[PDB]
Amino acid sequence: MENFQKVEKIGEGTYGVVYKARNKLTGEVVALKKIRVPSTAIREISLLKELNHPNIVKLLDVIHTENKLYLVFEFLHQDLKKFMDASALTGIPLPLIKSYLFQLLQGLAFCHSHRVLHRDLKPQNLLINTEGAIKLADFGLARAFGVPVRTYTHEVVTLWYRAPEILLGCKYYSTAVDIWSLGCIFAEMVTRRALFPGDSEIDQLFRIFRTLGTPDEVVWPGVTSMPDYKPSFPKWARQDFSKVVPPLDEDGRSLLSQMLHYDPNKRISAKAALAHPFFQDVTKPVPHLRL
Ligand SMILES: NS(=O)(=O)c1ccc(Nc2cc(N[C@H]3CC[C@H](N)CC3)nc3ncnn23)cc1
């Protein structure tokens, strides 16, 4: 900690406070995160140091001293949430939406290939620079520490991007949870409105159910026997997708639809999404960032 000088509080996370800081010795500018420790967390966080990729915010160092826990990450200047807000009036241009999606699928394809999931993708852990890069933050941390309802500051954690298998009490998460979340974020970038903004687990389930039809054994084998499934769930009809994310084009709707399949095994993998025709004309535009 004392090897660093706190420049400014650049937010709070689930796991503790996040500071912009500078390495007193090297002068490197970093993101310093103090975590709220057990040996598994240590070995898990250390595995994460190796898991390096241009679309994953780099874990520079893991400091376990004074029996306390700090994570030094590569520093980025903006998240996608703030960028989206800055962009409200005309929205992010589709090329830039496409490039962002393409890059994140690249990061997911990487980590998923090492069996590492995020479990908690949301616009606030997607970080952008002025090179036109976007990066996943806090990758792997959820399996390292443990996902809570309220943050240390009692901030309610968002359910907006949570995959239906989790909401339904599935104990065992596959990589498909991240595709689902990414799909939600994809839709949000296009419409300028969150896809499923639930404010409770049942409200979240039921917003998904309303848009996508109440899942049954036809589309989702084994759904009825899931821990929090209840026959008493209301039965909604799937809506049109042309109604869900206009004015996104055929390719995009085609892609989004596969990222939002109910059955996690039928959900498109990151790997396969990269090969989807939507990405045929992909480019890497530079955003206008006001820092
Ligand atoms: N609000 S903002 O757009 O000006 C902004 C967003 C992010 C950061 N930088 C940042 C912020 C951040 N904090 C987030 C991390 C995810 C967590 N769920 C919420 C805090 N972690 C980071 N890792 C590397 N950079 N970085 C700085 C400004």
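Scoring rules and cut-offs
- Residues numbered from 1 in each chain as written, not as in the entry; some residues may be left out.
- Heavy atoms only, no water.
- Residues with missing side-chain atoms left out of burial classes, pairs and counts.
- Pairing = 2+ DSSP bridges.
- Helix = DSSP H or I, 4+ residues; strand = E, 2+ residues; numbered from the N terminus.
- UniProt positions renumbered as here; feature names shortened; annotations may be inferred.
- Contact = heavy atoms within 4.5 Å.
- Buried < 20%, exposed > 50% of the residue type's maximum accessible area, 1.4 Å probe, protein only.
- Domains from an automatic or database assignment.
- Salt bridge = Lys/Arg side-chain N within 4 Å of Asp/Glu carboxyl O.
- Polar contact = N/O pair within 3.5 Å; in protein donor to acceptor, adjacent residues only side chain to side chain.
- Nonpolar A, V, L, I, M, F, W, Y, C, P; charged D, E, K, R; others polar.

**Student:** Tell me what's going on with the pairing of strand β1 (residues 4–12), and back it up with residues and numbers.
**Tutor:** Relative to strand β2 (residues 17–23), β1 runs antiparallel, the two being bridged by 6 bridges. The residue bridging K6 from the neighbouring strand is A21, located in β2. Between β1 and β2, which pair antiparallel one after the other, the connecting turn spans 4 residues, and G16 there sits at a positive phi close to 145°.

**Student:** Requested: an account of the UniProt feature "binding site: Mg(2+)" in the protein chain, with residues and values cited.
**Tutor:** When the UniProt feature table is mapped to this numbering, "binding site: Mg(2+)" covers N125 and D138. Inspection of the secondary structure assignment puts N125 in the loop between α3 (94–113) and β7 (126–128). If near-sequence neighbours (up to four positions away) are discounted, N125 is found in contact with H118, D120, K135, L136 and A137. Under the relative-accessibility criterion, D138 is labelled partly exposed at 23%.

**Student:** Give a description of unusual backbone geometry that names residues and reports values.
**Tutor:** Comment: phi is negative for the bulk of residues other than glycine, and the bulk of peptide bonds are trans. Looking along the chain, the bond that leaves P246 and enters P247 is cis, with omega of 0°. Note on placement: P247 falls in the loop between α8 (241–244) and α9 (250–259). Even without a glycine there, the phi angle at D138 is positive, about 55°.

**Student:** I'd like a description of the domain arrangement of the protein chain, backed by residues and values.
**Tutor:** For an interface, size is often stated in terms of accessible area lost upon the parts coming together. Split by domain assignment, the protein chain resolves into domain 1 (1–77) and domain 2 (78–289). Measuring from the centre of the C-alpha atoms in domain 1 to the corresponding centre in domain 2 gives 26 Å. Each partner contributes to the interface: domain 1 provides 25 residues, whereas domain 2 provides 30 residues. For the pair domain 1 and domain 2, the interface holds 3 salt bridges. A salt bridge links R143 to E44, with the shortest nitrogen-to-oxygen separation between them at 3.2 Å. Between the two partners, domain 1 and domain 2, sit 11 residue pairs in polar contact. Contributions of two or more residues to the side of domain 1 that touches domain 2 are made by β3 (29–35), α1 (39–48) and β5 (68–74). Looking at the side of domain 1 that touches domain 2 residue by residue, the class counts come to 14 nonpolar, 7 polar and 4 charged.

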